[PDB]
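Residue numbers (PDB author numbering), protein chains in the order written: chain B, 28 to 39; chain A, 28 to 39; chain C, 28 to 39; chain D, 28 to 39; chain F, 28 to 39; chain H, 28 to 39; chain G, 28 to 39; chain E, 28 to 39; chain I, 28 to 39; chain J, 28 to 39.
Just so it is clear, CB atoms sit at the ideal spot from N, CA and C, and this is done for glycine as well.
10 protein chains.
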Amino acid sequence: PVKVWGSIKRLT
Amino acid sequence: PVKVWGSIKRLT
Amino acid sequence: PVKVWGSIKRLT
Amino acid sequence: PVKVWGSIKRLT
Amino acid sequence: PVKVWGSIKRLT
Amino acid sequence: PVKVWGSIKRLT
Amino acid sequence: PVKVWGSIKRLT
Amino acid sequence: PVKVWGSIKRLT
Amino acid sequence: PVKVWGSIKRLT
Amino acid sequence: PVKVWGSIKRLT
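This is how it looks when you write it as structure tokens:
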């Protein structure tokens, strides 16, 4: 499986 | 800020 | 930034 | 297998 | 086999 | 055999 | 963009 | 950018 | 979009 | 043999 982790700042 | 985490098993 | 890593066995 | 590595900055 | 190559910039 | 061709531009 | 190409002998 | 490379033996 | 075309043989 | 033609991801 491909795992992802973290956070972005602006949605658009 | 939007936190992102999880996993994908298929590409497309 | 969202870190991504891993491998997939099937395309679709 | 299809390997993935890196980070995304954009959600959409 | 099905070969893949490139990079993704956006999550979805 | 079944041939494949195209492109994925999004991760999920 | 991730390019996809090749051939598979069975769909599953 | 998330780098993607490799090969898969089955489509679905 | 991923295009698919060809013929399907069996394991026999 | 059983021939196939089309796309994995339907367009509009």
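Opening and closing residue of the beta strand (DSSP E) in which residue i lies
{"i": "residue 30 of chain C", "result": "29-35"}
Expected contact under 8 Å - CB spacing of residue i and residue j to nearest Å
{"i": "residue 29 of chain E", "j": "residue 29 of chain D", "result": "Contact flag wrong, Cβ pair sits at about 12 Å."}
Proximity test, Cβ basis, 8 Å: residue i and chain I
{"i": "residue 30 of chain G", "result": "no"}
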